[PDB]
Amino acid sequence: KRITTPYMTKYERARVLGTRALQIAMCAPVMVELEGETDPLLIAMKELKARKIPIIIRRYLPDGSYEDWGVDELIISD
Amino acid sequence: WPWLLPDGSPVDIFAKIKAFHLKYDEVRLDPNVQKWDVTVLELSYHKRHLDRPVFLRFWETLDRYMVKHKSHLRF
Amino acid sequence: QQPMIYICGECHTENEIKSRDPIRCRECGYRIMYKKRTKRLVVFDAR
Amino acid sequence: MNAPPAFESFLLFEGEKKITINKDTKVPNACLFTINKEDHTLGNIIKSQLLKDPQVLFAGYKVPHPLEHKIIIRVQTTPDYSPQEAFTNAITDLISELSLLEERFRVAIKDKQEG
Amino acid sequence: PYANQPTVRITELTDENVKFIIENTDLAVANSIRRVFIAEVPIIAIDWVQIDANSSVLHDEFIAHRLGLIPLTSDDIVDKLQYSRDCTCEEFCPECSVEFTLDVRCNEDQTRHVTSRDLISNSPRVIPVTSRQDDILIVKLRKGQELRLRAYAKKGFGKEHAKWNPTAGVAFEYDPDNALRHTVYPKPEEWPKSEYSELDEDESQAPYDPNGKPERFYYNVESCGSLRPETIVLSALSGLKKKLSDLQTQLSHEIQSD
Amino acid sequence: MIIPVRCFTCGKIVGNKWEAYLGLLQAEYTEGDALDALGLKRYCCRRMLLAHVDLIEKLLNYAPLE
Ligand SMILES: [Zn+2]
Ligand SMILES: [Zn+2]
Ligand SMILES: [Zn+2]
């Protein structure tokens, strides 16, 4: 029973690619077949597009509550 | 497949014939298809309404090909 | 093994000035002196 | 401090191919010839000679970046004649044109002096 | 499809310039031949200067630069010398260079003009243009100033440095009358007639010719004195012919190199 | 400072013409006839001798640091 917007804000997408790229650079397992690119940013992007990034966004509301949204649950903009 | 060149090259199909390839808009195009003579169709992950014009473009291109080059074939 | 030759100012005459020596010309006592051109290799492209 | 030495417009480095051919993907019978260490002196003559070929559908060239020592000539000919031979021939006979010019100029010169 | 049949007709030939007309050739070929006259025509020019001693009012690099720009008589040695970078010898040798020496000191009361007559040369065929009129002033020296330097002249071409450019001015021109309208005049009658205009003084520009290519390319190649002005043109043609022979070689190899 | 060796625009040698030009001007030649005498036809070359200022003659007034 979540009320925030079901779309991924440009900031959420940015910080997700930033953090997930850094995790890939630290060789956390990648969720999707590398065709052979090696720039962690390109892999993180490929994950996102395949909706396999293992991150949930904890969106704080002004009152103090929060709603966890799987990256696979909400809609990507670009 | 016939027309497959004995060396394993499929070009006798794709270079003489108007090919199609269905992919998501976002997915980086397949390197074989991009080298091959094949028409890319871009589909949205969430905007179902944009599907109809894409398939219309398919029937449009197919009809162009059938009428110009294979109109003698029977429909 | 050079005594460190300098060129006077108003005189233009080579004087040997060692370290711990006051810069004074051997003649006329002018205090301005210039070092003589280097002996190192000088090569230019002429470009 | 960052001035490139003037030789870089014509001297070949380690690994540089004088010419590199790549097939063009968007259409049949079309290649991209990439000359390294060359400029418009070679690009305009080859482009123009390619256009005299009645079997050449498209012929032209660009310098991808003027400070990059690389040029791209693009050729596309009828399906019954590969771009490779289009290039080859247009140079095969362009060399002849320049030799023919050399021979004709040499005789015109010897004919002008005391003649 | 095959090669067109070019022609030539020299109208004026002096020891300073050549005026010639080329027919039956492409617009690109005529301009590329011009470009070769400027950039890709080898000549001998000073490219290495060891300044032993310089006390003149001109600085060491100033002197070097000026020496670099002096035209040398490059008519037979340039086609025989090997490019210095291509030459196998360490330092310099006769196979890749012409040594020059200039040791000068002013002792006389009057100022000494250090012209190119002071540039002694190790070869009799390569010298500053002084064969047969004043000389290029390199420096002016006072009493007690000197300039002693060694120099080597290398085979180079105008694409690397302007010093190796054999031409003073190349006057390339085609279609004197505006028959192809390649240039559109706001007021055609304000424009003086070209030197080659086959046009009476009544009409301004030739009537428009819809179907017509550029031919009859008029040239005026003026030499700087390094190369005879007709030898500049021959040197262009041999150099371009080599460029195409070598490019076809590299191309043919790249075709087989699959 | 000193007459340039070559015309900056085209490349014609003009370094051997400053003394000649001075001699022509020592005669009553107008600088335009002087330039025609020296064979400078293009305005780019004429600009070299018309605009040149010979400062090396001033720099030579100083005694050298021999
Ligand atoms: Zn003194
Ligand atoms: Zn050598
Ligand atoms: Zn000029």
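Residues numbered from 1 in each chain as written, not as in the entry; some residues may be left out. Chains lettered and ligands numbered in written order. Part of a larger assembly, values for the part shown. Heavy atoms only, no water.

- Listed as the method for this PDB entry is cryo-EM; the listed resolution is 4.01 Å.

**Describing the interface of chain C and chain F**
Link 1 in the chain: Facing 4 residues of chain C, the contacting portion of chain F comprises 4 residues.
Link 2 in the chain: Of the roughly 350 Å² buried at the junction of chain C and chain F (both faces included), carbon and sulfur atoms supply 63%.
Link 3 in the chain: Taken together, the connections running from chain C to chain F amount to 0 salt bridges.
Link 4 in the chain: Our count for the contact surface shared by chain C and chain F stands at 1 residue pair in polar contact.
Link 5 in the chain: In terms of residue class, the side of chain C that touches chain F is made up of 2 nonpolar, 1 polar and 1 charged. (Contact = heavy atoms within 4.5 Å. Buried area = accessible area lost by both parts, 1.4 Å probe. Salt bridge = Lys/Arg side-chain N within 4 Å of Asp/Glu carboxyl O. Polar contact = N/O pair within 3.5 Å; in protein donor to acceptor, adjacent residues only side chain to side chain. Nonpolar A, V, L, I, M, F, W, Y, C, P; charged D, E, K, R; others polar.)

**Looking at the pattern of salt bridges**
Link 1 in the chain: Counted under the stated rule, the structure contains 50 salt bridges over all chains.
Link 2 in the chain: Measuring nitrogen to oxygen at the nearest pair gives 2.8 Å for the salt bridge that ties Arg-2 of chain A to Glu-73 of chain A. Residue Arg-2 of chain A is located in the segment before α1 (10–25), and its partner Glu-73 of chain A is located in the segment after β2 (66–70); the two are separated by 71 residues in the primary sequence.
Link 3 in the chain: Taking relative accessible area as the criterion, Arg-2 of chain A reaches 36% and is therefore assigned partly exposed.
Link 4 in the chain: Between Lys-36 of chain C and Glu-14 of chain C there is a salt bridge, with its nearest N and O atoms 3.0 Å apart. With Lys-36 of chain C in the loop between β3 (33–35) and β4 (43–44) and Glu-14 of chain C in strand β2 (residues 14–16), the pair connects residues that are 22 residues apart, well separated along the chain.
Link 5 in the chain: Salt bridges linked by common partners bring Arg-47 of chain C together with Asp-47, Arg-85, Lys-154, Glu-160 and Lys-163 of chain E together as one network. (Helix = DSSP H or I, 4+ residues; strand = E, 2+ residues; numbered from the N terminus. Buried < 20%, exposed > 50% of the residue type's maximum accessible area, 1.4 Å probe, protein only.)

**Some thoughts on the sheet that holds strand β3 (residues 43–54) of chain E**
Link 1 in the chain: Spatially, 5 strands are ordered β4(C)-β3(E)-β8(E)-β4(E)-β6(E) in an open sheet, and the strand pairing comes out antiparallel. At either margin of the open sheet sits one strand with a lone partner, and together these are β4 of chain C together with β6 (120–121) of chain E.
Link 2 in the chain: With 10 bridges joining them, β3 of chain E and strand β8 (residues 146–156) of chain E adopt antiparallel strand pairing. Pairing of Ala-45 of chain E across the sheet is with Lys-154 of chain E, part of β8 of chain E.
Link 3 in the chain: Helix α2 (residues 60–69) of chain E rests against β4 of chain C together with β3 and β8 of chain E of the sheet, and its axis sits at about 155° to β3 of chain E. (Pairing = 2+ DSSP bridges. Axes fitted to C-alpha atoms, helices over the stretch in contact; angles between N-to-C directions.)

**So, the sheet that holds strand β1 (residues 5–8) of chain C**
Residue and element names in this part refer to chain C.
Link 1 in the chain: With antiparallel pairing, the 3 strands of this open sheet are ordered in space as β2-β1-β3. Both edges of this open sheet fall to β2 and β3, since each of them pairs with a single strand only. Going across the sheet, the axis of each strand differs from the next one's by a mean of 45°, ignoring polarity.
Link 2 in the chain: Relative to β2, β1 is paired through 3 bridges, and the arrangement is antiparallel. Counterpart to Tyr-6 in the pairing with β2 is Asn-15.

**As for the arrangement of the chains**
Link 1 in the chain: Between chains D and E lies the most contact-rich interface of the 6 pairs of chains that touch.
Link 2 in the chain: If you take every C-alpha in chain A and every C-alpha in chain E, the smallest gap between them is 24 Å, and the two do not touch.
Link 3 in the chain: Contact between chain B and chain E is absent, and the least distance between their C-alpha atoms amounts to 16 Å.

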